[PDB]
Amino acid sequence: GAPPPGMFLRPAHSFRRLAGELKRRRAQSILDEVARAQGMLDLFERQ
Amino acid sequence: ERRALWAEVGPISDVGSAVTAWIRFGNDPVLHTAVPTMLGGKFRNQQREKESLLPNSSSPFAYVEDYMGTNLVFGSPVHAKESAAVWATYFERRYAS
Amino acid sequence: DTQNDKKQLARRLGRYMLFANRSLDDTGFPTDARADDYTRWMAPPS
Amino acid sequence: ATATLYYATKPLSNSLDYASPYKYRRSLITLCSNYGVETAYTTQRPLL
Amino acid sequence: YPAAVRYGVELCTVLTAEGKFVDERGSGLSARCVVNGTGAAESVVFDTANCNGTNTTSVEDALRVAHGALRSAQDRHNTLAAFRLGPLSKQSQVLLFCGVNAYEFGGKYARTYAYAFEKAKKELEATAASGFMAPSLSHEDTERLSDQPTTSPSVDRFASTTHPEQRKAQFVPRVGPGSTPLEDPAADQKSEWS
Amino acid sequence: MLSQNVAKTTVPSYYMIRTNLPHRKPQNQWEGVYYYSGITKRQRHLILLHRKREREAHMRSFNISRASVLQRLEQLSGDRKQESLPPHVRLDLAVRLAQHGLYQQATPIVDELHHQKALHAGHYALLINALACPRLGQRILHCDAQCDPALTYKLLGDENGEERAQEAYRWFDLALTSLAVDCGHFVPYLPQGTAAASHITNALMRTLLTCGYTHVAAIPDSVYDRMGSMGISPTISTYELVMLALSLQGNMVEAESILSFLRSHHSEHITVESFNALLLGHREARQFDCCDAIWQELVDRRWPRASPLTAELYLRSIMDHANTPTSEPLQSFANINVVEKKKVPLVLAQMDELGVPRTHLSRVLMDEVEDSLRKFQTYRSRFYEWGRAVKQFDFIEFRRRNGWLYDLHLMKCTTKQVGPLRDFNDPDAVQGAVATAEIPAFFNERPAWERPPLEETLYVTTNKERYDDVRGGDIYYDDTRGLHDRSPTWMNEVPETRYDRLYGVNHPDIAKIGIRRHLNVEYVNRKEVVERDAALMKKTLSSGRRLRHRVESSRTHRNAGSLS
Amino acid sequence: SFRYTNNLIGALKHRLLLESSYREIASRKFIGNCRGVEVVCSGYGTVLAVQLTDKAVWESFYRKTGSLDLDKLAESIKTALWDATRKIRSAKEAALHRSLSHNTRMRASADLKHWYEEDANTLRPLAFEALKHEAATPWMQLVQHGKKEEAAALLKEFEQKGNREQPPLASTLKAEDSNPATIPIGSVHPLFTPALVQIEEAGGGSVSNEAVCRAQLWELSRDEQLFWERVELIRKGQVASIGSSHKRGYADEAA
Amino acid sequence: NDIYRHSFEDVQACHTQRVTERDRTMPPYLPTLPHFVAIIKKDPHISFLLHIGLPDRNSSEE
Amino acid sequence: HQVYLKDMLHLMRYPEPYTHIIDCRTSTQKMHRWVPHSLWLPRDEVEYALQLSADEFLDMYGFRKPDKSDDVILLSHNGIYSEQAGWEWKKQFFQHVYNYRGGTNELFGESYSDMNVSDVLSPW
Amino acid sequence: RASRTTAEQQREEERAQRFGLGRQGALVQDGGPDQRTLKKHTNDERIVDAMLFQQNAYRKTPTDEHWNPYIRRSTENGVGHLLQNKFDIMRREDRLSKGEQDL
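Residues numbered from 1 in each chain as written, not as in the entry; some residues may be left out. Chains lettered and ligands numbered in written order. Part of a larger assembly, values for the part shown. Heavy atoms only, no water.

Participant: Go over the overall build of chain C with me, naming the residues and quoting the values.
Facilitator: On a plain count of helices and strands, chain C comes out with two helices and zero strands. Structurally, chain C occupies a C-alpha span of about 55 × 20 × 15 Å along its principal axes. Accessible area for chain C stands at about 2900 Å²; split by element, carbon and sulfur atoms hold 55% of it. Charged side chains in chain C number 8 positive and 7 negative. The centres of these two groups are separated by 10 Å. (Helix = DSSP H or I, 4+ residues; strand = E, 2+ residues; numbered from the N terminus. Areas by Shrake-Rupley, 256 points an atom, 1.4 Å probe, with all protein chains shown as cover. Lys, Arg positive; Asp, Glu negative; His and termini not counted. Charge placed at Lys NZ, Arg CZ, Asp CG, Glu CD.)

Have a look at this one:
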């Protein structure tokens, strides 16, 4: 992505960055699923 | 100056002395090798169930690199080129200015 | 009665120091401060 | 590393471009960035 | 870091583990135990249910059984602690080992630590020699001037050696209670009493 | 040089001849004679060094005797071997070990003796008494506790006090079992009734004193109650141990009660050690008037005979008293409580009337006492000579070389006068001074909220005399400058700096002229970061709303519009 | 001046004494007893033996023809164990107390908190750590307590040649290792062990002058160069902004 | 903080003030629930009541 | 308060983290060596330097500004400029400020002087 | 992240207004950088720091002046320097719990 103001991008294929990106992939899948699940609750709750 | 001179090797030289060191840090051969590891909340412990680029090992010591994300020792060839490039650029700018 | 039983062991412990009248500060340890000071710090709201 | 930089940056030598001030600067900076990288390696080595 | 280590220690101290043992010699005598992080036993219980009505088990064998149960319990507790405190302690190891240069025992300050270390040892020795009453901090106790270290408070750092008005700490001359001289105390004003 | 060295005489003139102004100060009646009580740096150092060496001597002795006992143990364990030593040898070994505080090694020996029924009545009392470590007690008393008897109990408690306590209780029960065996009319109360039982109980108490606070507190509570319950009759040393316990706790009411009961019923049996107990106690509770009352009483009844320990406790209590401060209200002139030390040469005199040898007093206490003496005691000899002017002025010279002239009479010139207070009852009435006194400035000084904040630190003040002739008004003024004061021309008076082109600029960008931005390769400027994030929290309030689209309410269903 | 070195020496005196204490308590027996029942623990709190002293006396207390209580018996075992453990804890705290009362530098900072910040829970030996220290081989125990000499020795002899009453550590830890003089710097402050291990010699327990001087000399080199870089820039800034390399003196350099 | 990093010389600077055990490190006693649970279970009377004093937790209903 | 040569050598071999040794030498022309672990604030700048914020000071001198609790040892050729600088550091209120007199001359065996002042007074 | 940073910066500005921290007017004034003015009962950076200076100037430890007996047993800062052996500490605990005075 685009860095926070005072920061610099670590290299790709660096352990710290690989871990970080992994963390982001997982977190964002979770947030997506949750969003949709709450949507479904809305759908059968007849919002 | 006379007392010091140069060092060829770091604090822990060989796999033997590493085993000794590792025990001394308060680690137990059976128990502290048997605790599962976490990769981002996943519990990576399921083995070869997933494909990612990251060394497969229990010890956090396997994942150590510099603060700059660089490893010029024991890094994968990609990591090694990437990191020598990082430092090359940095020093190029330094000695330029 | 019988040597080193429950009751004897209990009476060896002495008087029980009440947790109410204990003066413990923020770190959970008894205070450095003078009793009059500590008392004032912990006094009820008004 | 130091001796490499020493010999290479010695007065007129094959590792410096005397053609133009720009080319000169580039040759020198290339050698210094080289030295620098060897130094960083040397820094990480004992610990890593 | 040291806060987190402490946290681990207190948590394990307070938590509880449980263990079982059944007699190998054939009476169905079995014991259960519940055990703190202290090694102490919160509970010990024998179960006569499994074993037959004949009984006839000597006190010795009940003791052996309870022994075994306390064992398995303390072991369960040790293993659980290894798993509770394990990951954080391993990463702690990387922090301290490779992150030395953040600390006061790393780099240029390592040499100071080692120095302090040796002094402490040597100092312990003399305390043991002096009857476990420590020598003076001020090193007023010493035979030779060569002996008092450069680190001692005895060493006189004042603008002037001779001139009294130049011997203050702050801009004017502070006084102790009762308008007694503070700055440079006279021999009898310093009292070491109980 | 020294700024308290100040003209006491006026410029020589005929005004000294033609006027009745006095040429010297009148003598100050309440200023004491200056005399010499005080020691050198060198002397204090000599005392400390010497003291340290005696400490070492004692610690050396203890190490030798301990090493000896331990060698006797290893020798009796290994060399005697298969052949069993007679019981008395083992028993002696156990006792000697426990006395040096190795209880751990004495435990198995004692166990094995009790199992063979080699111990009888007094032997148990012997062991239990040995658990109080009084060869270790000696060492602690001399080195660590600095010869104070109360501290020695407290510190002894820190040597494995809990385990020694537990052992003492255990051996005590062992003992009661053995006694009941040995007694086998009074069959029912035969074990408790026997003197041996009382002896043993005392041993138990005498040891528990030496363990921690907890156990000391347990003597007058549980042990004594259990002794009453059990049916064991006490001896005078039982009561004195209970008093010593109560008094280490600082419980004076109860200690004194026990002594009262004794006085009333058992008086002929009272030893000195109850007075010792009470003295130690009152000193702990820091009640020094009681500490005094009990000593004076003990001098009146001259029996029981005071012991060097008694005299030591009383004297210590006096030094303690003398070194306590009062609160700030009483601290303005001096430290009052020093007067207590002046009791000392009276107490010493009593110690001679009583036959208490003054040379059994700890080295420590005798240093403090000798000091106390050199403050207030002097002989009729010295007294005839102590006012000579040579000695008074020599004392002044000493004070001058240490730069403290402030208090001395001859040597101080007061300058500042304190004006009168106006009345709104009249501006007209002209006040005039009936009398004049020199009194410290802290009586009336401008109230702290009226005067500028910390004056000593932020202002350099000097009181000085005008050189020019002053027609009227005061001949002294206060020259006060600020600590931070500088020439208004300062910037010219100093070499040029790289700062100068910032002249008269309220918010310079020091980031720009600074060297860090060239030195660093990356160079994050901390002030652009925060700008960027405030710029980002501006965008959260820049939200517009998109137009929503209402549908038509119906009672029976919901209407579904679709994009068309 | 020298606040840091002095406070440090104080703190390390404290550490050495707590460590020496740990090594005393670790190899040692503690006996709890309740009614005829002797529970025997190591310093690590691990139950070694459960015995009945004087079967003659105590056996009929539990009955036996009578059937066993197992309730009375359980309570007395429990109680005995508790007693033993409480002895251990008290020993630890005792060590702490002796240390605090004799250590004058720590007394200098006036802290009631010194007395409560380490207590039985906190000090070593820790009970939940018993296993890894006790179950260990003699070699492993040697290296754990930082004796590299005897561990190497034992290792070479290992290669070339290829209810009991005693705490398992009384083998490896003997009397002489209670001397705070002997304690290696790696072992002194366990919290930091992995960092303090690098100050230490490769084979010997004692600190290596060479390693520590190497470490210092490296940083000194770096920091020297930094110093001159900054001096260079500050000077160039001076000359730039002032316009010349000259400066005025001070008003007092006329005389 | 894994993907992005601070300027190199900012951490160079940061390693100029070392972490010191005594002052510059947070104290080993922070408020934490087990710290207090430990403190109030460390009292001799309550430790006695827990282990020995009360009738056994597994044995009986009381 | 003074700091003697002994203290100086000791602090060379055994540095303290929060003790700062600050070089006050004014002219770059006269300074050829580096007192170990020192930092450079020339005397001429001090009055300004000490009134910068932590950040600004970092930007101008390239090292962290000592906190007011920390030990500050001052350094010069003779010990004169270090003294004057000391007065500056003391006037902003810095609690431990030590001047090492005889400083760089004693350390390195150089004979230089911060100011040219002579003992002789010109006849009145 | 922006929220954290903004709140940080705002706390610093507030603290600056409370104690009057920060330089006054222009740093490069003719009469020196130093120049400052104090108004009656008003906090200022200079006053804060002079105040601390007074407290600990060359002070090595809080126990520095305890060579002096009358300073040593002052109870003003608390009782903590007067508790030396465990015994005494426990005694204090006990007596305090019973609701009596500390010795």
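That shown, we press on.
Participant: How would you sum up the overall build of chain F? Please name residues and give values.
Facilitator: Of the regular secondary structure elements, chain F holds 23 helices and two strands. Taking 24 Å as the expected radius of gyration for a compact globule of 564 residues, we find that chain F reaches 41 Å, considerably beyond that expectation. Within chain F, the proportion of its 564 residues that are buried is 41%. Charged side chains of chain F number 73 positive and 68 negative; the gap between the two group centres comes to 6 Å. (Rg over C-alpha atoms; globule rule 2.2 N^0.38 Å. Buried < 20%, exposed > 50% of the residue type's maximum accessible area, 1.4 Å probe, protein only.)

Participant: Tell me about the interface of chain G and chain E, and name the residues and values.
Facilitator: Every contact between the two is made by 68 residues of chain G and, on the other side, 66 residues of chain E. Both faces considered, chain G and chain E share a buried interface measuring about 6000 Å² in area, 70% of it formed by carbon and sulfur atoms. Ranking the residues of chain G by area buried against chain E places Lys13, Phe128 and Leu191 of chain G at the top, with a combined share of 11%. Our count for the contact surface shared by chain G and chain E stands at four salt bridges. Across the salt bridge formed by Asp223 of chain G and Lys108 of chain E, the nearest N and O atoms sit 3.9 Å from each other. The tally of links from chain G across to chain E stands at 21 residue pairs in polar contact. Listing elements by their share of the side of chain G that touches chain E, those giving two or more residues are helix 1 (3-26), strand 3 (47-52), helix 3 (71-102), helix 4 (104-108), helix 6 (130-134), helix 9 (185-188), helix 10 (193-196) and helix 11 (209-242) of chain G. Examining the composition of the side of chain G that touches chain E, we find that nine residues originate from one element, helix 1 of chain G, more than from any other. (Contact = heavy atoms within 4.5 Å. Buried area = accessible area lost by both parts, 1.4 Å probe. Salt bridge = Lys/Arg side-chain N within 4 Å of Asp/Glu carboxyl O. Polar contact = N/O pair within 3.5 Å; in protein donor to acceptor, adjacent residues only side chain to side chain.)

Participant: How would you summarise the packing of helix 3 (residues 103-115) of chain F against helix 7 (residues 161-183) of chain F if you had to cite specific residues and measurements?
Facilitator: Residues and elements named next belong to chain F. Across the interface, helix 3 lies against helix 7 with an axial gap of 12 Å and an inter-helix angle of 10°. Taken together, the axis directions place helix 3 and helix 7 in an arrangement best described as roughly parallel. Contacts between helix 3 and helix 7 involve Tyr103, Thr107, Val110, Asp111 and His114 on the former and, on the latter, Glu163, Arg164, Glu167, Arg170, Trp171 and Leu174. Residue composition of the contact of helix 3 with helix 7, grouped by class: four nonpolar, two polar and five charged. (Axes fitted to C-alpha atoms, helices over the stretch in contact; angles between N-to-C directions. Parallel < 35°, antiparallel > 145°, perpendicular 65-115°, else oblique. Nonpolar A, V, L, I, M, F, W, Y, C, P; charged D, E, K, R; others polar.)

Participant: Requested: an account of the packing of aromatic side chains, with residues and values cited.
Facilitator: Enumeration according to the criterion identifies 48 aromatic pairs over all chains in this entry. Look at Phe25 of chain B and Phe97 of chain E: their rings are 6.1 Å apart centre to centre, the planes differ by 45°, and that puts the pair in the tilted class. Of the two residues, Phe25 of chain B is situated in the loop between helix 1 (15-24) and helix 2 (77-96) and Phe97 of chain E in helix 2 (residues 59-98); the pairing between them involves two chains. For the pair shown, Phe25 of chain B and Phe97 of chain E are each scored as buried. Between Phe93 of chain I and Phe53 of chain J, the aromatic rings sit 5.4 Å apart at their centres with planes inclined by 50°, giving tilted as the arrangement. Of this pair, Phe93 of chain I sits in the loop between helix 4 (80-91) and strand 4 (96-99) while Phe53 of chain J is found in helix 2 (residues 45-55), placing the two residues in two different chains. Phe53 of chain J carries the same exposure label as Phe93 of chain I, and that label is buried. (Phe/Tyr/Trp six-rings, centres within 6.5 Å; stacked < 30°, edge-to-face > 60°.)

Participant: Please set out the sheet that holds strand 2 (residues 30-35) of chain E residue by residue, giving values where relevant.
Facilitator: Residues and elements named next belong to chain E. As summarised here, the arrangement of the three strands in space is 1-2-3, forming an open sheet in which the pairing is antiparallel. On the outer flanks of this sheet lie strand 1 (17-22) and strand 3 (41-47), each paired with one strand and no other. Shown here is a sheet whose adjacent strand axes are inclined to one another by a mean of 15°, direction ignored. With six bridges connecting them, strand 1 and strand 2 associate as antiparallel partners. Bridge pairing in strand 2 links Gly19 to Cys33. (Pairing = 2+ DSSP bridges.)

Participant: Lay out the sheet that holds strand 2 (residues 37-42) of chain G with the relevant residues and their values.
Facilitator: Residues and elements named next belong to chain G. In spatial order, the strands read 1-2-3; together these three strands make up an open sheet with antiparallel pairing. Both edges of this open sheet fall to strand 1 (29-33) and strand 3, since each of them pairs with a single strand only. The mean angle between the axes of side-by-side strands here comes to 20°, regardless of whether they run parallel or antiparallel. Pairing of strand 2 with strand 3, which is carried by five bridges, proceeds in the antiparallel orientation. Across the sheet, the residue bridging to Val39 is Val50, located in strand 3.

Participant: Explain the pattern of salt bridges to me, using residue names and the numbers behind them.
Facilitator: Residues and elements named next belong to chain I. Here the structure, examined in full by the defined rule, presents 102 salt bridges over all chains. Where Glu88 meets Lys91, a salt bridge forms, and the shortest distance between an N and an O atom there is 3.9 Å. Highlighted residues: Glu88 and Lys91, both in helix 4, separated by three residues, approximately one helical turn.

Participant: Before we move on, can you summarise unusual backbone geometry with the specific residues and values?
Facilitator: Note the cis peptide between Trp303 of chain F and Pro304 of chain F, where omega equals 0°. Summarising the element assignment, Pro304 of chain F is placed in the loop between helix 14 (288-300) and helix 15 (308-323). Look at the link from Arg124 of chain G to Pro125 of chain G: it is a cis peptide, with omega at 5°. Inspection of the secondary structure assignment puts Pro125 of chain G in the loop between helix 5 (113-116) and helix 6. Backbone geometry at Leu5 of chain B places phi at a positive 55°, although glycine is not the residue there. Residue placement: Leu5 of chain B occurs in the segment before helix 1. In this structure, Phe186 of chain F takes a positive phi of about 55° despite not being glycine. Along the chain, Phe186 of chain F falls in the loop between helix 7 and helix 8 (190-193).

Participant: Could you give an account of the pairing of strand 4 of chain I, with specific residues and numbers?
Facilitator: Residue and element names in this part refer to chain I. Burial along strand 4 is two-sided: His96 and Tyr98 and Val97 and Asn99, pointing in opposite directions, are all buried. Examined bridge by bridge, strand 3 (residues 71-75) and strand 4 share four bridges and lie parallel to one another. In the sheet register, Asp71 faces strand 4, and the bridge partner there is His96. The handedness of the strand 3 to strand 4 crossover, carried by helix 4, is right-handed. (Right-handed = clockwise from strand over helix to strand, strands pointing away.)

Participant: Would you mind going over the nonpolar core in detail, with residue names and values included?
Facilitator: Grouped together as the largest cluster of nonpolar side chains are 97 residues, with contacts concentrated most on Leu97, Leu127, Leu208, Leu209, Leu315 and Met351 of chain F. It is helix 7 of chain F that contributes the most residues to this core, nine residues altogether. Contact partners of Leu315 of chain F, with chain neighbours within four places excluded, come to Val344, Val347, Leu348, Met351, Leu361, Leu365 and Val369 of chain F. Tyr499 of chain F together with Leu50, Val72 and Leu75 of chain I belong to the second largest nonpolar core, which has 50 residues in total. (Core = buried A, V, L, I, M, F, W, Y, C linked by side-chain atoms within 4.5 Å.)

Participant: Describe the interface of chain E and chain H, with residues and values.
Facilitator: Each partner contributes residues to the interface: chain E has 25 residues there, and chain H has 23 residues. At the boundary of chain E with chain H, total buried surface from both sides reaches about 2000 Å², with 54% on carbon and sulfur atoms. There are one salt bridge connecting chain E and chain H. Between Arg57 of chain H and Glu42 of chain E there is a salt bridge, with its nearest N and O atoms 2.7 Å apart. At the boundary of chain E with chain H, the tally comes to twelve residue pairs in polar contact. Mapped onto the side of chain E that touches chain H, the elements with two or more residues apiece are helix 1 (2-14), strand 2 and strand 3 of chain E. Looking at which element gives the most residues to the side of chain E that touches chain H, the answer is helix 1 of chain E, with seven residues. Taken together, the residues that form the side of chain E that touches chain H break down as 13 nonpolar, six polar and six charged.

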